[PDB]
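Next up: just one chain, as structure tokens, the form deposited in one PDB entry.
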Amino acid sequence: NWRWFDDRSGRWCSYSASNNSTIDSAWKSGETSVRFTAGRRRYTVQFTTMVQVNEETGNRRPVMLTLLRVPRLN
């Protein structure tokens, strides 16, 4: 359900199942931010700005949370 934007290709991208679960668990727990890793890369998702920050370079990639329709369609 979480996505990050890639400015090189101009497209939204999905996280791995593990990183998506780490982000979503912190989101549901009321945390304002969450740290996660992808190989040698280290990131912080800042929920107050909806931005992923690369801890090493400071590169910012916007993030989004997909929303399910309420009510659900038949």
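Residue numbers here begin at 1 and follow the sequence given. In this text, rigid core is short for the largest set of C-alphas that superpose within 1.5 Å between two forms.
Superposing the other copies on the rigid core and comparing 21 to 29 to 55 to 63, farther C-alpha placement in 5 other deposited structures of this protein marks 55 to 63.
The question of which stretch, 30 to 38 or 44 to 52, has the higher mean Cα B factor is settled in favour of 30 to 38. Stretches 61 to 69 and 16 to 24 differ in mean C-alpha B factor, with the higher average recorded for 16 to 24.
Absent from the display: the form deposited with a small molecule bound. The rest refers to it.
In the bound PDB entry, at least one heavy atom of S16 sits within 4.5 Å of the small molecule. For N54, a non-hydrogen atom is located within 4.5 Å of the small molecule in the bound PDB entry, even though that partner is not displayed. Contact between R35 and the small molecule in the bound PDB entry is not found at the 4.5 Å heavy atom cutoff.
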